[PDB]
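# got the complex split up, this is the first portion:
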Amino acid sequence: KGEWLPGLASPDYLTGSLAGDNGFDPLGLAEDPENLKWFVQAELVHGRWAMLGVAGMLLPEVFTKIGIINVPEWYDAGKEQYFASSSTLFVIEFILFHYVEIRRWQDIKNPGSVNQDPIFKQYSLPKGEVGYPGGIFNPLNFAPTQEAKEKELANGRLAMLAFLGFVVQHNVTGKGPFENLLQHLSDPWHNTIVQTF
Amino acid sequence: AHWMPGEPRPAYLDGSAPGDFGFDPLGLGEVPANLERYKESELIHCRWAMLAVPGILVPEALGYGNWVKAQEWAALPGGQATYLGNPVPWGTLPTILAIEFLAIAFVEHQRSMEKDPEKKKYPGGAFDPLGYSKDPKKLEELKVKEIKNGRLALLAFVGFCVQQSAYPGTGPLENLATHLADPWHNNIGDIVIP
């Protein structure tokens, strides 16, 4: 499709068939097809998580700033007390995630093998591509066109960048992200990274 | 009926044997003689654990302490055992140990003299007075049920031992009571992370 750097030739193994292909592989990780498939699934799930994470750590801060709800920052959520101890919640999450991730890994290893419901035999998932299960995971039954996949991949990449920026810019300056943006908007020329620390 | 859907079955395990689900990640059953010996050992372990688990559950349900304290009398010199709250007149370490050794050794050596591999797993005859094994139709179902219950009993014994190790001087029943005291506080969390 497009080029990530004009005047540079794209690698041969990247043929533009995959969604969101711009021929960006300077270090040549995806030379073997098996590595390409594994990294494709990684870039999907890694990033599908990141979009939710970024929205969750950003939107409550804005809502709190404008004043509807009073919620602790994304850092101080762990220090807060909940109805149950953190250990029990961690154990529940560990067991459930073990189950679901082993199901997904089995699907990736042997496509079209774990579609059948173990408990209720009649229900099943319609056949499709790996990484896009569809079916019950798509209640509204949207169209899985290539454009939607490209939009999802671009949003996921932006989410990666947003999360890395959030974490590092909190590490350098203890202030929150939205407050950092507001401080920069107060006076751009005196509040950038270079001017302060 | 595989243990993990989407995973190929091993060659030597096709599903003919009762309670076979094609589970062998380490490939220990390649040698047929080793497979038969493993079947024997598994059946014996299952039977012993099945006989043992009620022997832990019924005590500590009455006023008697638990499966650990009932073992502490042998540590004290000159101690005497008790049964149902009554001290056994013949309770002392040397006689008890000698009787156990003689009886168990004779029984086990009698067991080991059988030659037919099938007759070792399922002797039949005089061992079953009721005679549930005459009809071959229900034999496979009964064998599968026995294997599954024995595996469950083995897991129960593992849980008992691990719970005892985590909390010294604690029985399974009081552990269940403590867990039911507050389900959201007394779980595996406090021992898995300090």
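Structure's in. What do you need? Residues are numbered from 1 along each chain as shown, chains lettered A, B, ... in the order given.
# residues touching the closest residue to chain B within chain A, list them.
Nearest residue of chain A to chain B (CB to the nearest CB) works out as residue A:87 at 2.5 Å. (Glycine included, C-beta is placed from N, CA and C.) Residue A:87 makes contacts with B:187, B:189-190, B:192-193, as judged by CB atoms under 8 Å, 6 or more residues apart in numbering or on different chains.
# Neighbours of residue A:22, how many?
Neighbours of residue A:22 under the rule other CB atoms under 10 Å in any protein chain shown: 13.
# mind listing what it touches?
Listed by CB under 8 Å, 6+ apart, the contact partners of residue A:22 are A:1-4.
# what about 6 Å?
Counting by CB atoms under 6 Å, 6 or more residues apart in numbering or on different chains, residue A:22 makes contact with A:2, A:4.
# Tell me the secondary structure at the residue positioned nearest the centre of chain A.
What sits nearest the mean C-alpha location of chain A, by CA atoms, centre = their mean, is residue A:47, with 1.9 Å. What DSSP: H, G, I helix; E, B strand; the rest coil gives for residue A:47 is helix.
# Name the nearest residue to the residue of chain B found nearest chain A, ignoring sequence neighbours.
Residue nearest to chain A within chain B (CB to the nearest CB): residue B:189, separated by 2.5 Å. Distance criterion CB to CB, 6 or more residues apart in numbering or on different chains; nearest residue to residue B:189, sequence neighbours excluded, is residue A:87 at 2.5 Å.
# One more: residue B:169?
Using CB to CB, 6+ apart, the closest residue to residue B:169 is residue B:68 (6.6 Å).
# spatially speaking, which residue is in the middle of chain B?
Nearest to chain B centroid, counting by CA atoms, centre = their mean: residue B:49, 1.2 Å.
# Make sure that residue is indeed in a strand.
No: Residue B:49 is assigned helix when assessed by three-state DSSP, not a strand.
# That one touches residue B:155, doesn't it?
No: Residue B:49 is beyond contact range of residue B:155, at 9.0 Å (criterion: CB atoms under 6 Å).
# which strands and helices sit next to the biggest helix by length in chain B?
Criterion DSSP state H: the longest helix present in chain B is helix B:139-166. Using 3 or more CB pairs under 6 Å, 6 or more residues apart in numbering or on different chains; DSSP states H and E, the elements in contact with helix B:139-166 are helix B:32-57.
# Show residues contacting stretch B:35-45.
Contacts for stretch B:35-45 (CB under 6 Å, 6+ apart): B:29, B:117, B:121.
# repeat that with 7 Å
B:12, B:29, B:117, B:120-121, B:154 (CB atoms under 7 Å, 6 or more residues apart in numbering or on different chains).
# tack on chain C:
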Amino acid sequence: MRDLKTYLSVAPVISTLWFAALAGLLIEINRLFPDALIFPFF
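Chain C goes in next, on the same frame as the chains above:
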């Protein structure tokens, strides 16, 4: 110019330039950070 580059690509010359650059980097790091017995960043 081709043979000049070829000679400058020979093993001893490339090795001495590489080692000189590495020694300069180590020297400058040791001057900027005087002495250190442990890693205190984390």
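# Re-run the earlier check on the contacts of residue A:22 with chain C in the model.
Applying CB under 7 Å, 6+ apart to residue A:22 gives the contacts A:1-4.
# And for residue C:5?
By CB under 7 Å, 6+ apart, the contact set of residue C:5 is empty.
# where's it relative to chain A, distance?
According to CB to the nearest CB, to the nearest Å, residue C:5 stands 24 Å off from chain A.
# Helix, strand or coil: sort out that residue for me.
helix.
# Next, work out how far apart it and chain B are.
According to CB to the nearest CB, residue C:5 stands 58 Å off from chain B.
# How about residue C:9?
For residue C:9, the distance to chain B - CB to the nearest CB - is 53 Å.
# so the residue nearest to the centre of chain A touches residue A:154, yeah?
No: counting by CB atoms under 7 Å, residue A:47 does not reach residue A:154; the two are 10.2 Å apart.
# one step back: for the residue nearest to the centre of chain A, what are its contacts?
Residue A:47 sits next to A:156-157, A:159-160 when contact means CB under 7 Å, 6+ apart.
# Can you pick out the ones from those that are in helices?
Using DSSP H, the contacts of residue A:47 in helices are A:156-157, A:159-160.
# If any of these are buried, give me the ChimeraX selection for them.
A single ChimeraX command is used to select the members of these judged buried by 16 or more other CB atoms under 10 Å in any protein chain shown:
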select /A:156,159,160
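# what about dumping the CA coordinates of stretch C:23-42 to CSV?
Provided in CSV are the C-alpha atoms of stretch C:23-42 (Å, rounded to 0.1, in the frame of the first residue of the first chain):
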residue,chain,number,x,y,z
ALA,C,23,38.0,3.7,25.3
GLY,C,24,36.9,7.3,24.8
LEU,C,25,33.3,6.5,25.6
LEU,C,26,34.3,4.6,28.8
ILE,C,27,36.7,7.5,29.8
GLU,C,28,34.0,10.1,29.3
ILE,C,29,31.4,8.0,31.2
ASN,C,30,33.9,7.6,34.1
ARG,C,31,34.6,11.3,34.1
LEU,C,32,30.9,12.3,34.1
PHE,C,33,30.1,9.8,36.8
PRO,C,34,33.1,9.8,39.1
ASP,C,35,32.8,6.4,40.9
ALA,C,36,30.1,3.9,41.6
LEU,C,37,30.0,0.5,43.3
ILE,C,38,26.3,-0.3,42.8
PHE,C,39,23.4,0.6,40.4
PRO,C,40,21.3,3.2,42.2
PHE,C,41,18.9,4.1,39.4
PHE,C,42,16.3,1.5,40.4
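# right, is that stretch up against chain A?
No: Stretch C:23-42 stays clear of chain A (CB under 7 Å from any CB of the partner chain), getting no nearer than 11.7 Å.
# Chain D next, sequence below:
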Amino acid sequence: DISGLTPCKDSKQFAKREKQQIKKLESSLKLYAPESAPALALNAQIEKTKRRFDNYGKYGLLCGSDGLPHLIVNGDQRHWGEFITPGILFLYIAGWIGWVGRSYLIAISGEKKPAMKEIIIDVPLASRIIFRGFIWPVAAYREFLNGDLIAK
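Below is chain D, added to the chains above:
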């Protein structure tokens, strides 16, 4: 604290050694004129000694009975940066080097006379290969899983 050791910010032999070194330097400082260059050099040395002692005290080391710091390679969480944190770093860098070298060798195995490329390095291909080692753990793990790490 550990193995009968004393924290380095509480021991007295540390301060005694610092005083001895400072006095030794100041004895030589007196000889020259206060405004002369050797005086400036000796003042810089004294400042460096004081800063080093303060940093060693603040970093949480453990002096021994005789007064010197002791390193703990045991694995305690209070000494992560004593052995374990640097060591991993080393491995990373070390792995880099090895990986790069291996790659270059393969890159010259195709030609008919690789000896000429071994004794006279080429800069373009080497520069292409050099930066591929920044992600060496991932490529090495993928090659190990695939099975191309070991000859057959």
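# Same as before for the contacts of stretch B:35-45, with chain D this time.
For stretch B:35-45, contacts defined as CB under 7 Å, 6+ apart pick out B:12, B:29, B:117, B:120-121, B:154.
# and of those residues, the nearest to chain C?
When the contacts of stretch B:35-45 are compared against chain C (criterion: CB to the nearest CB), the nearest one is residue B:154, at 45.3 Å.
# contacting residues for that closest one?
Taking CB under 7 Å, 6+ apart as the test, what residue B:154 contacts is B:45-46, B:49.
# hmm, try it at 10 Å
B:42, B:45-46, B:48-50, B:53 (CB atoms under 10 Å, 6 or more residues apart in numbering or on different chains).
# for the chain, what spans make up the strands?
Just going to use chain A. For chain A, applying DSSP state E gives no strands.
# switch to chain D, that's the one I care about
Going by DSSP E, chain D shows strands at D:6-7, D:62-63, D:69-70.
# Can you tell me which of those is most buried?
Mean neighbour count (mean count of other CB atoms under 10 Å in any protein chain shown) peaks for strand D:62-63 among those, with a mean of 22.
# Get me the contact residues on chain A for chain D.
With the criterion set to CB under 10 Å from any CB of the partner chain, chain A comes near chain D through A:26-32, A:34-35, A:38-39.
# In CSV, list those along with distance to residue B:84 and neighbour count.
Formatted as CSV, the residues of chain A next to chain D follow (distance: CB to CB, whole Å; neighbours: other CB atoms under 10 Å in any protein chain shown):
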residue, distance to residue B:84, neighbour count
A:26, 80, 12
A:27, 76, 12
A:28, 77, 12
A:29, 72, 15
A:30, 73, 19
A:31, 75, 13
A:32, 71, 14
A:34, 67, 11
A:35, 69, 18
A:38, 64, 15
A:39, 68, 16
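# Pull up the distance across stretch A:71-90, start to finish.
Taking CA to CA, to the nearest Å, the first and last residues of stretch A:71-90 lie 22 Å apart.
# near chain D at all, the helix or strand harbouring residue C:27?
Using DSSP states H and E, residue C:27 sits in helix C:11-32. Yes: with CB under 10 Å from any CB as the measure, helix C:11-32 is seen reaching chain D through C:11, C:13-15.
# and chain B, which of its residues are near chain D?
Of all the residues in chain B, none lies near chain D, going by CB under 10 Å from any CB.
# And the residue of chain B closest to chain C?
Closest point on chain B to chain C, by CB to the nearest CB, is residue B:193, at 21.7 Å.
# tell me the contacts of that residue?
Contacts of residue B:193 (CB under 10 Å, 6+ apart): A:85-87, A:90-91.
# now do 8 Å
Per CB under 8 Å, 6+ apart, neighbours of residue B:193: A:87, A:90.
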